[PDB]
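*Asks:* Submitted below is the structure of interest, expressed as structure tokens.
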Amino acid sequence: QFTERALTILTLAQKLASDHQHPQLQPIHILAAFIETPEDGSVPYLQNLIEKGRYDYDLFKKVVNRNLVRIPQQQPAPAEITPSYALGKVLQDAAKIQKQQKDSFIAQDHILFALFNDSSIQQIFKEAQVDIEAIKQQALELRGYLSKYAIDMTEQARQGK
Amino acid sequence: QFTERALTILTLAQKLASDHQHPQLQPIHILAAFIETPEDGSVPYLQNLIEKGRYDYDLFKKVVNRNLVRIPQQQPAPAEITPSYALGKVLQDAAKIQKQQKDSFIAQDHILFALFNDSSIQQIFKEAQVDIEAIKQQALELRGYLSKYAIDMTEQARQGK
Amino acid sequence: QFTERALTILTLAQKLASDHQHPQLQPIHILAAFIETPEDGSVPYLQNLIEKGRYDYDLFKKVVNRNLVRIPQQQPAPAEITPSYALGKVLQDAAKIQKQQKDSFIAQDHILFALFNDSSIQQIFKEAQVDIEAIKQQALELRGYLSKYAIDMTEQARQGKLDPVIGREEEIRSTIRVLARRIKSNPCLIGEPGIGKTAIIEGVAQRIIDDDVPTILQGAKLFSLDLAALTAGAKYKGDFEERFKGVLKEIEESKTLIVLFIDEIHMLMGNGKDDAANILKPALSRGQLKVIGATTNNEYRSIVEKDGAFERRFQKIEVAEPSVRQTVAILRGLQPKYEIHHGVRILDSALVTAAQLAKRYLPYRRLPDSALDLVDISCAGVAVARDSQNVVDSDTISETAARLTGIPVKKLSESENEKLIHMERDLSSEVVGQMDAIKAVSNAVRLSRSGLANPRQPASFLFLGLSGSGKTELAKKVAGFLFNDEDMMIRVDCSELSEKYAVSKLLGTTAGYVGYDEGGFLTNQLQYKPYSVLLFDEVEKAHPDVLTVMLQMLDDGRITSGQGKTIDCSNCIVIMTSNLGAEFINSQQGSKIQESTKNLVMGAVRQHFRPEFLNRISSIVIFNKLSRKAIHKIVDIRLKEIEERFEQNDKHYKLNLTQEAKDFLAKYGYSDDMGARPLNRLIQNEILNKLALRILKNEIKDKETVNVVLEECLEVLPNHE
Ligand SMILES: Nc1ncnc2c1ncn2[C@@H]1O[C@H](COP(=O)(O)OP(=O)(O)OP(O)(O)=S)[C@@H](O)[C@H]1O
């Protein structure tokens, strides 16, 4: 199954479908799940594959928002019907990745990868997260962050203070 | 009657009617009052119910600014003039909300709901405030920390007691 | 590149082709390797990726046997011509699989996979899909297991991560004797932290690495168990058993002599027991499940008290610290590691002295580590300083230790000068006469500095004489010169006594009773400050129970505490005082200390002060009477210091005291029966009182004079403006 890091993202994605009162969860809600809040350790958004891949993650968030506002309905009672076949495929793909990696659980790293395989921006010069090969180049730096638990005294010193 | 926050906003709204030399205070000025300035601490604008809901705070602002331009600018004698019947209604509705919410002073938040209900930015490039579900959820999620753990002695002092 | 298992399967493919007289090697021959043996344990044949996956192993068995029969019999010379591109590709794909799987060696499963991925039944007689996912599932559930539970010390040792240890051969053999038991498979190392318990476990690993192990254990491997998988790896209530029980069962059989070990076995008692991993283990103790633990003696005590069960399985193995010489032997074994670690040379004498240094100055640390710290610290010291060298024995070590442990005593001076050559002068400059007290101070320190003073005893002197003669002042001035800081002195009012004093003195409160602040004044301060000057304010009036206790510091410097530990003083100078001699000082028979008279005093002191104390004390010191000649120096000394201590020089004096003022003091504040103390009364009663008034009246703007009246008076700068 999924571990807590992946479940957080997945939970957020479903929550976002309900935050937008939409009947189904779409790839866009997951991309929105990737970019929730400005918490650095979030590989899906800030200390990410995107910056390392030389992309602007806030610009990407603008892309995501531009797509979120295009959701055809926000009707209350119709909301929360399904996770969608579209994401059935993605989550199934995540399982395929687990097999490829011999991994007993799906991490945010895997769920990112799986969506990325099925993600898109309908843009030629996509401002999207860097394509899959780079995703692997940087995702593979993970497993095989401290700022969540500590203050970087050295950095504060670099900044005076 | 009004909270310090509501008073700040209404002071600003009335101020804006005189700053832009408008014939009357309108819902637009209150929206503009909420957009005091893009301060990081700007609860009704940068951290608001729309940005965390459906639409970009920067674009919302630009619409409001266009509306401030569209409302005619006049000489100091015709400038400002009145709070307007429009807001007599919005603010009284905000008062109704206070009763619904069991709160003795008018919250700027209640003004946001009453205000938003009257307004409607129906651009194809909609900036119309995300409707009530997103607005209310985000409103309910405002702060919700220190007061669960403390007595605000300084407000108490303002309220006597 | 390959595991032994992978090499076996490939090798069998090749040799089976030779045995079956077959030309070029085909996928068929690797499949032949897969079905080479009836053993079910052979994953390639019965407990298969096929059989437990999707298809009947017999389907595959017959594919291969049919094909082996089908391939015609060749001359033995070509029977195995080449792997060609066919097996080349399978082996290369097995390597691609390693890359995908992040596996450091080719597994027999990678060969099973790669072959299966390429292969297809060549004939209509049998059909089966290459069910890649089924074969991966079954491969993943087998063999790979300890990387999820415990750290493989033995292989890491094969990889050079082991630190070889020496001098513990019996202790290592003891673990072997216990591990060699048939029923009671569980040893535990018990001792002081820093004693070498982990080191012994690694010693066992060394024994394993060199294959110096009895058959029962000959194939053994060591794995570090606990805290991670046993605690961090837990979210659910059954997680104390999930993974844990799993690994216990995974290691019971076949996979060589797996021995797990616990470095921090203290946890395994359970917080209130409740089988927090702790009971399941011993519950299964009737067989296999060989584990060696490690705990300190007090942790042992605690896990015993908090459990009562693991102890029936675990053998208590006592670990003693090595002697200094033995410690040096390990230091020598470790020396090149340190030279390499830091890039510095180390002298054998560095090691020798480090060990004896530690025994002398590091009572709270065990020799193995203490000596090593002196070495590794010194080396690190140099490594940092290396921007400039090598480690030089006592030179580097004495300095290094003093910097961290305190005790500058061992550094030796850049010039001994004021540092105990001219010290008698310097002491006589601060205080007047009483040269023997001065000599005692210097000698105390000189013997300490030279490493000559009997190491078991702090310098200790009792100072007899009339109060006001400078007995406290001396002690304070000693601290002055000792630390270049007169406030570093420790001073206790030893006269504040009755029997109800435990904790106020070094004895401390006793654990088990209210209050856990113990001997703060002495015990805590002594623990913190390795040396000082300890002044006892009139031992003459101290209760004898305390004096008897103080004796223990006085000599045989060991010090106990109610905490259950000791302090053990060494380098603190102790100073005891008494005025008994005042009964003889007041004879006024010369400024010098008289023979017989001084003996009557010391005799009487023994009568009124346990001689047992005085039979250990370095010496009794007697003060000179402060004759006017002494006063003629003292007054200047005191007026100077007194002035210097007056805040800031916004005023102060020009001090035209001359002999006239000096004599007035020598004729008016000079009480023969109260030392120089009454001169200070005179000075404040006259000089400061008038001064304060002139200051108060704002009659002084800056500086001031002393003008003899015939008494003394001061001048007016502004006229009461
Ligand atoms: N007999 C020995 N052979 C080799 N190294 C040793 C030996 N004794 C001590 N050491 C050193 O001591 C250090 C580790 O000391 P250990 O005695 O295992 O620590 P420990 O005392 O096991 O830790 P505790 O008390 O169980 S937390 C290593 O850095 C070794 O170099």
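Ligands are numbered from 1 in the order shown, residues from 1 within each chain, and chains are lettered A, B, ... in the order they appear in the structure tokens.
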As a quick test: using only C-alpha atoms and all ligand atoms, which residues lie no more than 8 Å away from ligand 1? Give them as a PyMOL selection string.
*Replies:* chain C and resi 163-168+191-201+203+263-264+294-296+327+330+333-334+368-369+372
*Asks:* Residues within 10 Å of segment 93-108 of chain B, please, as a count of residues only. Count only C-alpha atoms; anything in the same chain fewer than 4 positions from it doesn't count.
*Replies:* 20
*Asks:* Hey, could you make a per-residue contact list for chain B against chain A with 9 Å as the cut-off, showing the nearest pair of atoms and its distance in Å to one decimal, counting only C-alpha atoms, sorted by chain and number, as CSV?
*Replies:*
residue,atom,partner,partner_atom,distance
B:53,CA,A:19,CA,7.7
B:54,CA,A:69,CA,6.3
B:55,CA,A:69,CA,7.4
B:56,CA,A:65,CA,8.0
B:126,CA,A:69,CA,8.8
B:131,CA,A:74,CA,8.9
B:133,CA,A:19,CA,8.1
B:134,CA,A:19,CA,6.6
B:137,CA,A:19,CA,8.8
*Asks:* Restricting it to N, CA and C atoms, dump the selection as a compact mmCIF listing (two decimals), in the first residue's frame.
*Replies:*
# COMPACT_ATOMS: atom_id res chain seq x y z
N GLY B 53 -8.96 29.47 -2.02
CA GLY B 53 -10.22 28.96 -2.52
C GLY B 53 -10.12 28.62 -4.00
N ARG B 54 -10.30 29.64 -4.85
CA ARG B 54 -10.30 29.43 -6.29
C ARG B 54 -9.52 30.45 -7.13
N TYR B 55 -9.36 31.70 -6.68
CA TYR B 55 -8.79 32.70 -7.60
C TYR B 55 -7.59 33.46 -7.04
N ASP B 56 -6.67 33.83 -7.94
CA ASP B 56 -5.43 34.56 -7.65
C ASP B 56 -5.64 35.97 -7.09
N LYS B 126 -13.14 35.01 -14.85
CA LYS B 126 -13.82 35.25 -13.58
C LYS B 126 -12.87 35.43 -12.45
N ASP B 131 -17.33 30.71 -4.37
CA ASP B 131 -18.55 30.83 -3.61
C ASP B 131 -18.37 30.42 -2.16
N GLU B 133 -18.84 27.91 -0.20
CA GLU B 133 -18.31 26.76 0.49
C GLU B 133 -16.83 26.98 0.76
N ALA B 134 -16.11 27.42 -0.26
CA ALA B 134 -14.69 27.66 -0.07
C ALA B 134 -14.47 28.84 0.84
N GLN B 137 -15.29 27.69 4.51
CA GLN B 137 -14.35 26.77 5.11
C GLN B 137 -13.09 27.52 5.47
*Asks:* Using only C-alpha atoms, which chain C residues lie at most 9 Å away from chain A, written as an NGL selection string?
*Replies:* :C and (100-102 or 133 or 136-137 or 140)
*Asks:* With N, CA, C and O atoms retained, export the selected residues as a PDB file, in the first residue's frame.
*Replies:*
ATOM      1  N   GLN C 100      18.507  -2.175 -12.055  1.00  0.00           N
ATOM      2  CA  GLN C 100      17.105  -1.889 -11.777  1.00  0.00           C
ATOM      3  C   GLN C 100      16.727  -2.193 -10.334  1.00  0.00           C
ATOM      4  O   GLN C 100      15.931  -1.486  -9.716  1.00  0.00           O
ATOM      5  N   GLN C 101      17.319  -3.250  -9.803  1.00  0.00           N
ATOM      6  CA  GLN C 101      17.031  -3.743  -8.473  1.00  0.00           C
ATOM      7  C   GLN C 101      17.928  -3.117  -7.409  1.00  0.00           C
ATOM      8  O   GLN C 101      17.638  -3.222  -6.222  1.00  0.00           O
ATOM      9  N   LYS C 102      18.984  -2.415  -7.835  1.00  0.00           N
ATOM     10  CA  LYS C 102      19.936  -1.759  -6.936  1.00  0.00           C
ATOM     11  C   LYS C 102      20.666  -2.804  -6.081  1.00  0.00           C
ATOM     12  O   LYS C 102      20.983  -2.575  -4.911  1.00  0.00           O
ATOM     13  N   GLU C 133       5.708 -10.696 -13.372  1.00  0.00           N
ATOM     14  CA  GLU C 133       5.380 -10.219 -12.045  1.00  0.00           C
ATOM     15  C   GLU C 133       5.316 -11.363 -11.041  1.00  0.00           C
ATOM     16  O   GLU C 133       5.783 -11.206  -9.911  1.00  0.00           O
ATOM     17  N   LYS C 136       8.764 -12.266 -10.066  1.00  0.00           N
ATOM     18  CA  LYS C 136       9.370 -11.273  -9.210  1.00  0.00           C
ATOM     19  C   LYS C 136       8.804 -11.357  -7.818  1.00  0.00           C
ATOM     20  O   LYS C 136       9.563 -11.321  -6.855  1.00  0.00           O
ATOM     21  N   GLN C 137       7.493 -11.549  -7.684  1.00  0.00           N
ATOM     22  CA  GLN C 137       6.927 -11.616  -6.350  1.00  0.00           C
ATOM     23  C   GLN C 137       7.588 -12.713  -5.556  1.00  0.00           C
ATOM     24  O   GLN C 137       8.082 -12.487  -4.446  1.00  0.00           O
ATOM     25  N   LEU C 140      11.141 -11.920  -4.553  1.00  0.00           N
ATOM     26  CA  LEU C 140      11.253 -10.886  -3.538  1.00  0.00           C
ATOM     27  C   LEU C 140      10.918 -11.370  -2.146  1.00  0.00           C
ATOM     28  O   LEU C 140      11.455 -10.859  -1.161  1.00  0.00           O
TER      29      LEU C 140
END
*Asks:* Do you have the atom CA of residue 286 of chain C-atom CA of residue 186 of chain C distance handy?
*Replies:*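 So the two atoms, atom CA of residue 286 of chain C and atom CA of residue 186 of chain C, lie 10.8 Å apart.
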*Asks:* For atom CA of residue 129 of chain A and atom CA of residue 50 of chain A, determine how far apart the two atoms are, in Å to one decimal place.
*Replies:*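 Computing the Euclidean distance for atom CA of residue 129 of chain A and atom CA of residue 50 of chain A yields 5.0 Å.
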*Asks:* With a distance cut-off of 12 Å and only C-alpha atoms, select the neighbouring residues of residue 183 of chain C, excluding the residue or stretch itself and same-chain residues fewer than 2 positions from it, and output the selection as a ChimeraX atom specification.
*Replies:* /C:178-181,185-187,284-290,312-315
*Asks:* Generate the output file for the selected residues, N, CA, C and O atoms, as a PDB file, in the first residue's frame.
*Replies:*
ATOM      1  N   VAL C 178      29.706 -19.515  25.658  1.00  0.00           N
ATOM      2  CA  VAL C 178      28.287 -19.401  25.897  1.00  0.00           C
ATOM      3  C   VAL C 178      27.488 -19.653  24.618  1.00  0.00           C
ATOM      4  O   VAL C 178      26.509 -20.392  24.617  1.00  0.00           O
ATOM      5  N   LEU C 179      27.931 -19.076  23.514  1.00  0.00           N
ATOM      6  CA  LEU C 179      27.289 -19.229  22.219  1.00  0.00           C
ATOM      7  C   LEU C 179      27.333 -20.689  21.779  1.00  0.00           C
ATOM      8  O   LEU C 179      26.470 -21.163  21.039  1.00  0.00           O
ATOM      9  N   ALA C 180      28.344 -21.410  22.243  1.00  0.00           N
ATOM     10  CA  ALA C 180      28.522 -22.815  21.943  1.00  0.00           C
ATOM     11  C   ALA C 180      27.602 -23.703  22.794  1.00  0.00           C
ATOM     12  O   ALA C 180      27.606 -24.922  22.635  1.00  0.00           O
ATOM     13  N   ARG C 181      26.823 -23.122  23.714  1.00  0.00           N
ATOM     14  CA  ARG C 181      25.914 -23.929  24.516  1.00  0.00           C
ATOM     15  C   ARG C 181      24.855 -24.474  23.596  1.00  0.00           C
ATOM     16  O   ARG C 181      24.652 -23.941  22.503  1.00  0.00           O
ATOM     17  N   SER C 185      21.510 -20.553  24.560  1.00  0.00           N
ATOM     18  CA  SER C 185      22.168 -19.862  23.448  1.00  0.00           C
ATOM     19  C   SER C 185      22.479 -18.363  23.660  1.00  0.00           C
ATOM     20  O   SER C 185      23.072 -17.722  22.795  1.00  0.00           O
ATOM     21  N   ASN C 186      22.017 -17.786  24.754  1.00  0.00           N
ATOM     22  CA  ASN C 186      22.139 -16.348  24.953  1.00  0.00           C
ATOM     23  C   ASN C 186      23.204 -15.806  25.950  1.00  0.00           C
ATOM     24  O   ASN C 186      23.158 -16.144  27.125  1.00  0.00           O
ATOM     25  N   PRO C 187      24.314 -15.215  25.481  1.00  0.00           N
ATOM     26  CA  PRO C 187      25.296 -14.466  26.258  1.00  0.00           C
ATOM     27  C   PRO C 187      24.928 -13.013  26.401  1.00  0.00           C
ATOM     28  O   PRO C 187      24.275 -12.460  25.519  1.00  0.00           O
ATOM     29  N   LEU C 284      10.769 -17.967  23.228  1.00  0.00           N
ATOM     30  CA  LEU C 284      11.162 -18.872  22.161  1.00  0.00           C
ATOM     31  C   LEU C 284      12.538 -19.533  22.424  1.00  0.00           C
ATOM     32  O   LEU C 284      13.059 -20.293  21.597  1.00  0.00           O
ATOM     33  N   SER C 285      13.109 -19.279  23.600  1.00  0.00           N
ATOM     34  CA  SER C 285      14.465 -19.703  23.966  1.00  0.00           C
ATOM     35  C   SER C 285      14.784 -21.189  24.019  1.00  0.00           C
ATOM     36  O   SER C 285      15.930 -21.556  24.263  1.00  0.00           O
ATOM     37  N   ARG C 286      13.807 -22.060  23.819  1.00  0.00           N
ATOM     38  CA  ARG C 286      14.104 -23.485  23.831  1.00  0.00           C
ATOM     39  C   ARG C 286      15.010 -23.901  22.666  1.00  0.00           C
ATOM     40  O   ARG C 286      15.553 -25.007  22.677  1.00  0.00           O
ATOM     41  N   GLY C 287      15.197 -23.034  21.667  1.00  0.00           N
ATOM     42  CA  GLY C 287      16.116 -23.406  20.598  1.00  0.00           C
ATOM     43  C   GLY C 287      16.483 -22.286  19.629  1.00  0.00           C
ATOM     44  O   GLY C 287      15.806 -21.270  19.509  1.00  0.00           O
ATOM     45  N   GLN C 288      17.578 -22.525  18.907  1.00  0.00           N
ATOM     46  CA  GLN C 288      18.140 -21.597  17.928  1.00  0.00           C
ATOM     47  C   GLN C 288      18.173 -20.172  18.494  1.00  0.00           C
ATOM     48  O   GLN C 288      18.553 -19.980  19.653  1.00  0.00           O
ATOM     49  N   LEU C 289      17.767 -19.178  17.690  1.00  0.00           N
ATOM     50  CA  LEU C 289      17.580 -17.807  18.157  1.00  0.00           C
ATOM     51  C   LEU C 289      18.743 -17.264  18.998  1.00  0.00           C
ATOM     52  O   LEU C 289      18.562 -16.572  20.026  1.00  0.00           O
ATOM     53  N   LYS C 290      19.939 -17.594  18.549  1.00  0.00           N
ATOM     54  CA  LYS C 290      21.149 -17.210  19.221  1.00  0.00           C
ATOM     55  C   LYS C 290      21.410 -15.722  19.078  1.00  0.00           C
ATOM     56  O   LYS C 290      21.448 -15.188  17.963  1.00  0.00           O
ATOM     57  N   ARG C 312      17.241 -15.697  32.766  1.00  0.00           N
ATOM     58  CA  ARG C 312      17.286 -17.140  32.818  1.00  0.00           C
ATOM     59  C   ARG C 312      17.832 -17.692  31.513  1.00  0.00           C
ATOM     60  O   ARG C 312      18.147 -18.883  31.398  1.00  0.00           O
ATOM     61  N   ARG C 313      17.897 -16.835  30.503  1.00  0.00           N
ATOM     62  CA  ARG C 313      18.367 -17.236  29.202  1.00  0.00           C
ATOM     63  C   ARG C 313      19.760 -16.701  28.980  1.00  0.00           C
ATOM     64  O   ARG C 313      20.623 -17.386  28.435  1.00  0.00           O
ATOM     65  N   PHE C 314      19.979 -15.470  29.437  1.00  0.00           N
ATOM     66  CA  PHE C 314      21.245 -14.802  29.234  1.00  0.00           C
ATOM     67  C   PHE C 314      22.317 -15.063  30.273  1.00  0.00           C
ATOM     68  O   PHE C 314      22.100 -14.948  31.484  1.00  0.00           O
ATOM     69  N   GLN C 315      23.510 -15.377  29.787  1.00  0.00           N
ATOM     70  CA  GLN C 315      24.637 -15.555  30.683  1.00  0.00           C
ATOM     71  C   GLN C 315      25.313 -14.259  31.001  1.00  0.00           C
ATOM     72  O   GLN C 315      25.733 -13.517  30.109  1.00  0.00           O
TER      73      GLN C 315
END
*Asks:* As an exercise, work out the distance from atom CA of residue 265 of chain C to atom CA of residue 175 of chain C in Å and give it to one decimal place.
*Replies:*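 Pair atom CA of residue 265 of chain C / atom CA of residue 175 of chain C returns 15.8 Å.
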*Asks:* Determine, counting only C-alpha atoms, which protein, DNA and RNA residues have an atom within 6 Å of an atom of segment 29-33 of chain A; residues of the same chain fewer than 6 positions away are not included. Present the result as a PyMOL selection string.
*Replies:* chain A and resi 9+12-13+16
